[PDB]
Structures are given as C-alpha cells and as structure tokens.
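Chains as they are written, first to last, in UniProt numbering: chain A, 1 to 125; chain B, 2 to 71; chain C, 2 to 121; chain D, 5 to 52; chain E, 261 to 312; chain F, 15 to 72, 80 to 151; chain G, 2 to 15, 69 to 148; chain H, 4 to 120.
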Amino acid sequence: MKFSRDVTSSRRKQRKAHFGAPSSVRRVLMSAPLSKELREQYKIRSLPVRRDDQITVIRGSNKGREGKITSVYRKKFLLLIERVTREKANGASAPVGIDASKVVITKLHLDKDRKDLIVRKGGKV
Amino acid sequence: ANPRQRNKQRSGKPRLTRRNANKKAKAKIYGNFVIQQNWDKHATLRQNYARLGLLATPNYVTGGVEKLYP
Amino acid sequence: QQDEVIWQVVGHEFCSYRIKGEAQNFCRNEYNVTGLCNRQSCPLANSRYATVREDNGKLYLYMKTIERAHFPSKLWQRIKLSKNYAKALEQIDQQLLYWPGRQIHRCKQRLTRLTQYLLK
Amino acid sequence: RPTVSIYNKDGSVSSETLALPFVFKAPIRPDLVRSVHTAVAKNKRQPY
Amino acid sequence: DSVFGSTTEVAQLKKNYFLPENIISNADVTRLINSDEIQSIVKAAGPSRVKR
Amino acid sequence: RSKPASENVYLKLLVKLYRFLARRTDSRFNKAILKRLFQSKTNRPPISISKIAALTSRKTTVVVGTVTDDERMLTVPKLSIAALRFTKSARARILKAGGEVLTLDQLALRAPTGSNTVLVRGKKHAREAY
Amino acid sequence: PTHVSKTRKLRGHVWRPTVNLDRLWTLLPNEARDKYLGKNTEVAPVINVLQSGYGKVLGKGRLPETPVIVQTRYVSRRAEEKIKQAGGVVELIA
Amino acid sequence: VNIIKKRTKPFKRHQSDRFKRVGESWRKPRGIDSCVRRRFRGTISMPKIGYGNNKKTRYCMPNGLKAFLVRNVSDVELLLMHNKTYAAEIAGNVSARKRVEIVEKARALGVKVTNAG
RNA sequence: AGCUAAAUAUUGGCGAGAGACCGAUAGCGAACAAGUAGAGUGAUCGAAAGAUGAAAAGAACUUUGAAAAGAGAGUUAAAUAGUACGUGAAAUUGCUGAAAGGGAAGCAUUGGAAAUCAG
RNA sequence: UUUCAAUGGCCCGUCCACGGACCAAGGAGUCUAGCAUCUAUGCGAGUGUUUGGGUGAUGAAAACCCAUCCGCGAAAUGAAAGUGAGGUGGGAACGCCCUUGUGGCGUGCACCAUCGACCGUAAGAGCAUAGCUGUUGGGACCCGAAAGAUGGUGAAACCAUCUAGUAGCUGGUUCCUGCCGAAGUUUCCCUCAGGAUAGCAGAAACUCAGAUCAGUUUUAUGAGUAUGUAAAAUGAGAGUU
RNA sequence: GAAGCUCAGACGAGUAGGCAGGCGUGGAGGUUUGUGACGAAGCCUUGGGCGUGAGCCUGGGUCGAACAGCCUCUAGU
RNA sequence: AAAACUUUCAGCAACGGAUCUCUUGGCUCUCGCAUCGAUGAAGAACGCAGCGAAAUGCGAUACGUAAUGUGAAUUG
C-alpha cells in the first residue's frame, strides 16, 4: 500500500503521466530484464535499453527470436530489432516493434557512461 | 476551466510539479540540543513533554487526557 | 449465546450457506441433512447433528457434541465408510439410535443417492 | 468463569490461561449493529 | 476487562461505562418451553395437523 | 398487533416464550403479559422503584417496561421485581439494599401461571399538554 | 431513504434555579451519605447548594432528621423551618 | 398432481399493438372513461388475482419440476436432496468447459437438466 | 495622534491528494484544432464533433471503367474491423419468400388450415 | 407464429375543445432548516461526545477517548415585584373459597369517576438519535405572462445582468398487484374569501357478554284513517373518549 | 425457515383518499472456494420455460471484456 | 381466383447512431503556498522549422541560445 501522500494512486493521473512522459523519462519506462548469466555476474536485475544491445524476444508471435536493436522507438514505446520484420503487401519490409518488457538482454553495449551506472546501481564490473 | 488553467492544459510546457505533502507532518525539534536528542520523532508533543518531565502547559488541559492503562 | 439467538443471526436471512431462489431458499452447508434453511437442519443454528457426504467413491459421516461445541478444530468427529451400501445404511443408523431418530430418514435417504451417484 | 488456552508460535497450547472477559457475554443484537454501522459507515463520505 | 468492563462494574478505560445488561436472562427459549417448571403446569396439548 | 414492532431479537424470544404460555395455559396473566409485549414503547411507560415500594406496603412484582430509580427516597425496602429492563441505578438499589431483580424469562420459570404476582403499570400520561 | 419514499410508490399516479428538600440529600456524595445519614455524629455535613447549580431551596418533600447545615443564596420560608425540626440551620451566602 | 394453467395467453398493454412507442408490457390504465379500465365488451382483460395458478403446481414446468438456476457444479450438488422435484437449469453464460462438467455431474446425481443441449 | 504577529476568510493564483460524483444529449460552453467554426455595425453571442486493429500489416497485382469505382485477389484472429472503420437498436426504406385485400385496418374469444417446438 | 371463419370491440390523454406524423435518448414532489405526530434504538431524573482538546504509523477528513460549560427536562404562579406545593365507586391482574363453577370473598395497577384536601404538588419522565408522515420557508414537482431595475452598445431600439422576478392560473407528471373506501350535505361563524362543528371513511387505547343497539314492526296509548309518545317480535355483539 | 405448519367458513365493482406486499435502475459495504476470451455486457429471434402482474430465466444468432445472485447502505432510479 | 398495387409476417440488405463497455475530460472536497507591472505587465498584431495551415513553443540568437542534468537519439 502506498503510505505516502507524495505519490498518486489515481488511475486517471497514472495514465496521463505514462502517456505524457518526455523522452528523458520514457527512457526509463523502456527497461528490459537481464538474462540469467548477465544478471548474476553484474548483480543487477534490469537495465534501460540502449541501441546496439543484443536481445532475444521472450514473448509474442516472435518468441525465441534474437537480434540487435536498430532504434528504441521511444514515442510509441516500441523497439525495432534487426532481422525481425513483417512483410507488407507490395513487397516492402516494415519492421514491427516489440515492447521493452517482452525482451531479455543477453549482451550489453558497455561504455564508460554505462559502466559508472552499473556500479552505481549496486553492481560490479 | 479558467482560461489560465486551460492555457497549461492545451500547452506543451510541463507543469511546476512541487512535491510537498507528508502524512503526519510532525515537525522535528531544533533549539535545545538536550531535548533534540531525547525527542521521539513518532510520539506527540504532549506525550514527549510528559515523558521528559517537562510541563507542556502550566494551565489545565481543555479536553481529555490519555489513559492507556487502568 | 445459544441455539436460538444464533439462529436469528446465521439462519434467518444472512449466512455464507444460503441460496434464495424464485420463491424459497436452499442451504449450501456441507454438514446439512436436507439442504434447506430449517432449524432441524442448520447446525450453525442447532446443537449436535449428523449428516453424510461423498468422497472419491466412499462415504463419511460427521458427528458433534455439546461440551466440545466451543473448540472448532476437533468439534466435528468423522467416521469413514468404505465397505458396502447396505452396510453403510446400517453403519449409520446404528450409531444414531441413542440419538433422536426423526432425521434418520433424511440420513438414510442421503446414503442411497450418494450410493446411486457412485453407480451412475 | 471459564478459561481460554493461549497458543504458542509453533501452535502448542501454553500452560497459561486467561479468564473470558465479561464483554463476551454481552447481548448479540444484529438489529442494533446494523443500525449503528449504517450511519457510521457514512461518516467518511466526501461531498459532491 | 478495562476496555469494556463488566455489567456491574465500571470500565476503567471508558468512564462511567457499564456493559449492556441482557433483556432476557437465559437465552434458551426452546429449553424454557421444554423445562419441567412449565411442562408440569401446561394444559394438555392439542393435536398436530388436524384431520379434514 | 400480531407481532411487536421492534427488531430486537431478544424481544422476539420473550414473545415466542409467552406466545406458548398464552395458548397453553388458562393463566390470564400470560395473555395480559403477551398483549403488553406487543404494545409500543409509548404504551409501556416507566414505573419507579419508590412507587413499587409504596404499592407493596400500601409476592413478586411484575411490570412490563422499565423500572427507573427514585433518588428522593433513601433507604430502599426488600423487593422482588421482574421487568423488561432496569436502569443501572434502580438495579443497584434493589439488589444492594435488600431483595433481588428478576426478568420475564426467569419470572416464567418462577411463576409460569403468574401465581402470587402483582401486575403493576406506570402512569400513562407522557406530556399531555392542554 | 429515497428508496422507501412516497414518490417511489407514486410513479404512475399523476438567576434562581430551584431545588427541593427531598432532592437535598442527593447533592451530597454517595459515600458520605453512608456515614452522615442515620448516625449520631457531632460533625454535621455541609451541603453547598450553590456549588451544585442552585441558588434557592424549596420546601417539597420530607426530611431525614439528621441536623444538617445547608448553604444557600436563598431559602423558602417553609423550607427553613422544615430543616429546623430536622435539627439543621440555613447558612446564607454573602 | 397434474398441471392446469388458468390462462395461457400473456397480458398485453392496451394499444400496445397500435404503437411502437407503447411497450408490449402491462401498465394499468388510469383514465376515467377508459373502456379498458371499465372492462367493457370485447375489450382486453386486465390482470386480477383471480388468475393466480394452483399453489401446489406453481412455478412448475409441464413435467412437474421447479427450475433451479445452476451456475457451477457446486450448485448441482445442492439439488442432491431434491432430484425428484427440482430441475437444474444451466445459466446462460457458463462456458463450454464448465457446462459439460455440470451436465455430467447432474447425470451422475440423477438431476434433470432443462437445457442440457 | 500612531503601530502590531497568531488564531480568522479565501469559486482567483501556484501546486498537490482525494471521491458511495458524472460517464460523451451526461459532466464545465468546451474528454476532439473550444471560447473554436460561426453570427452581429456593435455591446455581446457561440456550437456540433470520443472508440479500425495486437501491430497499417490502410488492401500488392490482374481485369472492366476516361474517372469514380467495381470484380478477383491479398493483410488479419476477424474486413460481420476497409478509415462513411468497436457494439450497431428503433423509426424508415429495397429486394426475396409466404399470406391476405370487393368503399378499411388494427385488436379480442373459440377452433380449423399451414408452419414450428416440446414432453 | 401466420392466416381464415363466427361473435364482439367508437381514438388515446386532457378539460365539444386542446394535445398527438413516426422512432431513440433525455424529462418533473428533490435537497435543506424549523415544527408536529407516530414507530424503533440508547439511556433514564436525567440526557446529548464530534465548538474544542486528546489520539490515531496499517485509508489519519474514518475510528477511539474526554475537561469545563451549555441546551432541554427536573416547579409553578403573578402583569410585576416577589413568593413558591385523601377516602368512596367501579375497575386490569392475583389470592381465596363454599365445593366445581356460579357465586362469595379478599386484593386492587392503570384509568374513569364521583366525593376530599395541598400550591399546579400528591410519590416526577424525559433527553438524544434514525425512520415514516404532515405542515411552514427556502427556486421548492416540471414548463410557461404582460413589466421593471442596473450597467452598457448603437442610432426610443438593442445587449448581458438582477433573474430560476412575479401564477390566484394553462399543460404535463414515469413500475405492478392486493386490501379498505366515501361525502357529494346539514351546522354555525362570516366585511373577505372562507372558516367551522357535525355527518360519511379510517387507525390506535378502554368498558358490559348486553336486552346494548335497529333507515323494522309491534304492545300500551293520547290527541287529532293518519299523527307523536312510551313499553314485545326479529336481527345484530354492541360501544365508546 | 414459530415470519412456519394445519383445519374451517364467509367475501371479491370501485373515483377522491387510506393501507400493506412486491418488480426493475445506477453506485456502496458484506457474501457467494460466484460467471468470463472454451466468449462478459449489449443486441437480435416465426425457439422454450416461469409469474395474476411489474418482470425473469433460457436455446440459436451476432458480438468482443467485463458481469451477477444474496444480505444490507445510498439516489440525478 | 392471375400479375401489380396496398398491408402483415419472416430473411437479407440499406438508412440511422440508440444500447453496452471504455475514458490523459468535467465537477466536488480537502491540503500546501504567496509570486504581475515604467528593469515595459496582462492583452493585441506581425513573424520563425528542410517540408506547417491549426495548436504548442519561440522572437530576426525566433519549435530556440548559454548553463547544469541525463547519457544516444529525432521520427512522417
């Protein structure tokens, strides 16, 4: 139970906040879990997604597929992963977006900006 | 409803969200260091004064008292 | 306090075992003997009773007393019957001879349809 | 006055016992309790 | 014992409060009907559902 | 009136007990008591302890209704009263100073036919403006 | 209760407060009644009728015969002699 | 005892036929010259208490069983006592998986199901 | 001649947290590009309009047509979801089948004929 | 279900007239303050915590606890100073008999009376809450009238307010079944419209098992075939505030 | 189901008004180990059943995400 | 007694947009706080994006600049 008067448990205000989130806040709502071998040797449970990270789709009609993210399409809360696509009628290939909570991360894109965060969130590297 | 509040409803500028509310805004004690150490950040002021042996008021209490045990 | 004041609370209108229908009402409680909201049937309402139920091709009878009526863990005393149908009828009625025998009919009736269910 | 057993964390009945308080012999009025609770359950409403 | 009190002794944690005394002494009417002190005096019972 | 107007479950027990006695004995006491259990609160006015003391010295006393207390009078006689309700002060005065208090279920155990019982009533005036 | 209304079944059819001597002995604590009433003691009680909410004592009722001192702002002419045979005196407040 | 129904045809509100805005449901007329309220010749018949059916054969289907609405199998277990006088009727929103559980259970308990299909 | 905290008021301002409230003819006039389209010389006045789908995957291509479009296909769990897009009532209309109709119809009771259902 | 035949059936609401082309949605005795009655609950010579204070960590606008006051009641009466309180009859229930019982005998609550006294008192009955209903005031069941007032904009008119202005009146007012069921008129008062008392219709509380009543007739008349009056037939349980 | 059960007899128009018992509506507390993508709610139907009635339940069709019985509270019913 | 026409019944289609479910909106209550302007405010008009007319933002430094924060986008 939220014992605080600081946070709102209104449904109305929680949906407005989710759908009025700026990119610098949508970037957190687009987190993904870490796979088991990543999770245990970094001691961290999840991470916000980043381009070039290697993920495998857990849930959906594209279950079990892997690939590299091309662009975290933040406006519509979607992830476009390479070599997963849907075929249009005319013959073009328009990739469909998977949600950041339906995919797990098996390989990271380590950078000095990310390395500080990992040890920041109680981790080890 | 007012044009003024319709402005920032149809605007794109984020609000000035100010995070202030605290349930049980029991103000913590400054002033005397002795009392500030031996204050109870949960119990009420009239309990704390009587716990320390300090008369909260010299005048009669215009209501009930607290009787927890017979 | 006693069986009648409890009756006018659990029994008459509100229980967790009552089913009011088009013109009447049933009594869902497992330990019932007629399935109806009646004093001679409702245990929540009344003291010591006896009724039977069915488990996995087998029958069991439940009994209670008055000194123990305040301790719900061991309040009901169960007896398992897995021998035969006509034996079950005799195993039940024999144990209720020292007991008021108005509801032996309902008890004996229940075993029959429980037995019929096992056949069907 | 009757006694009631006191139960340990494991579930074993402890040796101590307490006597049943007189309040448990109070009258049971399902007509009164509803009349009070009907009004008391009204005392947190917000106006509209 | 002090939160509620007794029917004849005031509660300690509520002032001048005594428990409500029961309207009726014994709550067993069906035993009152079927007790000797009434069954000895009651006149002979009529029949049950009566023949047409 | 075929049933009391009160949802008091304990009252329906008294009526149930005294509906049995009304039709199963010739005791005109029982019929009178059963009828008075049906009457409303306005028709069951209170009687006082003192008034009862006067009426006994002017046998169990029976009054359907309440028995209040009279503070004006000081030393209470020994009495045996049976009423629907007792005020706390009246009950202490009857019990401590002398006799004992009863109830209509106990009174049926004592005198099912009402033998040796006086059926008193309280002044039915209420306000009576004019 | 708009469910039980009549419109529901009509859808479809168009400063001197007074005290008396009988109540006088009750103003004193119940404890000291049991040790001043009916006992012959030299000390008499004091019933400060002022400090209970009355300014006058009236003559209704009979008197237990224990001499008692009664403090009043006012007293009836037939109140004060009734306590005289009771052995007590009226003490008038300034 | 058999069944006799004192009337089969339903009661239709007056002029319900003439108007689509007037429902086909009975409302008692209140006019003071209403031939329907004054029960003239060849007018529609107003419901009375006289039409009420026999008490021993009321709420009974033409096979002499009172319809008890059943939502799950634990309701059919209640009709265990009354298989000879109550007919179990499946609720209209019970899914296909539960429905066969109820029908099979009722068949085992010997309780007729009105809409077993 | 003078000053002065607090307790007190607060349909506006800056924010919050709620609700036995309303649920798109409701609730603010405005859930939407609303004090907007619009009207009046002017002061003033002032609306209607929410919902494809999990994702546009918004219908490739052929064919008929100048075009609009249609017909095949194809997308989808579903096109009885095709943007005139959730559900899709009644009035109202078109066709099909059945029936009756000579200056009324509608209804009621009782039965036949045909249709249909049960036990 | 549809059609057919036999018999029947004036179009609904409203007050001829007014309303009604058809359909869907919306749409009218509501909230609130005071008072009155009734029923229920709590307490009872008391009663009422919620102006406040205490307290509440978990939904903290809730629940829970309480000090002093205060409201109503506990005493009236006078304009005001001032003062300031039974026995007889019945009669509910019980006991009691003779031997059932009847009847007698006691006992007598309520209340009714007579017959008594005290200044209205006579051995206090209220207080709070909730519900129902009635009524008064708030927009006041819904809609609807001709003016006016303020402040403006044009050149008296116009505009937004007051404003949901004013109703003695017009129109509408939403579900079912059951029970009971009138008067349609005297009486008076009454400038005015009305107000009445009574009757009819009901709901509660209490007497006699009655010779108590009767839209009835007799008996006896008295007076002028009729008239009124009082005193057996027949039916009915009749009563009362 | 003492609010029950049973026997008996009489009576049935009904405006103004008087009186009791029920049907449906939105929300609240409780309850039903309640119903539901194996199809909730709605909607439709020359399908069936129940009630004197307001109304209710159901088969089939259509449909796509929530709903209801019971005890009580409340009303913009 | 044929067809049409008229009417009723059923099926399908049209029209229409009710019902249901939803809902970044309303309304109502409570809470906290005090901050416009001659240093040019409120309001008005013009104007700016690679492609914008509305709305938003913004002012010829024009859908922004500096600073700090986050740490890889924006999206038609």
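Ideal Cβ positions, reconstructed from N, Cα and C, are used throughout, including at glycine.
Give a yes or no on whether the C-beta atoms belonging to residue i and residue j are separated by under 8 Å.
| i | j | result |
| --- | --- | --- |
| G/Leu112 | G/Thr72 | yes |
| H/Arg44 | H/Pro32 | no |
| G/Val144 | G/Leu78 | no |
| E/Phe264 | F/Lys109 | no |
| G/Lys110 | G/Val122 | no |
| G/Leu91 | F/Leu95 | yes |
| A/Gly122 | A/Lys43 | yes |
| H/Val79 | H/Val114 | yes |
| C/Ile105 | C/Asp94 | yes |
Taking the alpha helix (DSSP H) that residue i falls in, what are its first and last residues?
| i | result |
| --- | --- |
| C/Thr113 | 105-120 |
| E/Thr290 | 289-293 |
| B/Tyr50 | 46-53 |
| A/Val28 | 23-29 |
| D/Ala43 | 34-44 |
Could you work out which residues of chain H lie near residue i, taking near to mean beta carbons separated by less than 9 Å?
| i | result |
| --- | --- |
| C/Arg114 | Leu83, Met84, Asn86, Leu112, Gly113 |
| C/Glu23 | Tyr62, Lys69, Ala70, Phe71, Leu72 |
Give the interface partners of residue i over in chain E, defined as CB-CB distance under 8 Å, in chain order.
| i | result |
| --- | --- |
| C/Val6 | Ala287 |
Identify which residue in the options has its Cα closest to the Cα of residue i.
| i | options | result |
| --- | --- | --- |
| F/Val84 | F/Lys45, F/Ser71, F/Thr124, F/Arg38 | F/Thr124 |
| E/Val302 | F/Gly135, F/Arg50, F/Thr87 | F/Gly135 |
| C/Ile7 | C/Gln92, C/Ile93, C/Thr116, C/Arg40 | C/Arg40 |
| D/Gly15 | C/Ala70, C/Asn47, C/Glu55, C/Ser74 | C/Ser74 |
| H/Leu81 | C/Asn85, C/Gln9, C/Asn33 | C/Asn33 |
| F/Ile63 | F/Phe52, F/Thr82, F/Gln53 | F/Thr82 |
| F/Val88 | F/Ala68, F/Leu69, F/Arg106 | F/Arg106 |
| G/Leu117 | G/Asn94, G/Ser6, G/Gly13, G/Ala133 | G/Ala133 |
| A/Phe3 | B/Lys14, B/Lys29, B/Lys24, B/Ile30 | B/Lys24 |
| H/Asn5 | H/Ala119, H/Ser98, H/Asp36, H/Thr60 | H/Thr60 |
Starting from the beta carbon of residue i, find every residue of chain D whose beta carbon is closer than 7 Å, and list them in chain order.
| i | result |
| --- | --- |
| F/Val122 | By Cβ distance, chain D contributes nothing, its closest Cβ being about 17 Å from F/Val122, past 7 Å. |
Using a Cβ cut-off of 8 Å, pull out every chain C residue sitting near residue i, in sequence order please.
| i | result |
| --- | --- |
| E/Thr290 | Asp4, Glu5 |
Find the residues of chain C that neighbour residue i, judging by a C-beta separation of less than 7 Å, and give them in chain order.
| i | result |
| --- | --- |
| F/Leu25 | Chain C residues near F/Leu25: none, gap ~11 Å exceeds 7 Å. |
Under 7 Å between beta-carbons, which chain F residues line up against residue i? List them in chain order, please.
| i | result |
| --- | --- |
| D/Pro34 | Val23 |
| E/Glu297 | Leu130, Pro133 |
Quick one: which chain E residues come within Cβ less than 9 Å of residue i?
| i | result |
| --- | --- |
| F/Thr134 | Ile301 |
| D/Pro6 | Residues of chain E passing the Cβ test: none, with the nearest at roughly 14 Å. |
Going along chain A in order, which residues have a C-beta closer than 9 Å to the C-beta of residue i?
| i | result |
| --- | --- |
| B/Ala22 | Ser4, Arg5, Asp6 |
Can you name the residues of chain E whose CB is closer than 7 Å to the CB of residue i?
| i | result |
| --- | --- |
| D/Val27 | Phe264, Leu279 |
Where do the ends of the beta strand (DSSP E) carrying residue i lie?
| i | result |
| --- | --- |
| H/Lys69 | 69-73 |
| C/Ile80 | 77-82 |
| residue 162 of chain F | There is simply no residue 162 of chain F to check, as chain F begins at 15 and stops at 151 in what is shown. |
Inter-stretch contact at 8 Å, needing at least 3 Cβ pairs: the region 23-33 of chain F / the region 284-294 of chain E: yes
If contact is defined by three or more beta carbon pairs under 8 Å, each pair taking one atom from either stretch, is the region 91-107 of chain A in contact with the region 49-64 of chain A? yes
Could you tell me whether the region 92-101 of chain A touches the region 68-81 of chain A, using the rule of 3 or more Cβ pairs below 8 Å? At 8 Å Cβ cutoff, the stretches touch.
Is the region 128-147 of chain F touching the region 48-59 of chain F, taking contact as three or more C-beta pairs under 8 Å? yes
Segment contact, 8 Å Cβ cut-off, at least three pairs: the region 64-81 of chain H with the region 18-30 of chain C: yes
Between the region 60-80 of chain A and the region 7-17 of chain A, can you find at least three pairs of beta-carbon atoms closer than 8 Å? Not touching, per the Cβ criterion.
Contact between the region 47-60 of chain H and the region 14-31 of chain H (3+ Cβ pairs under 8 Å): Pairwise C-beta distances place the region 47-60 of chain H in contact with the region 14-31 of chain H, as three or more of them are shorter than 8 Å.
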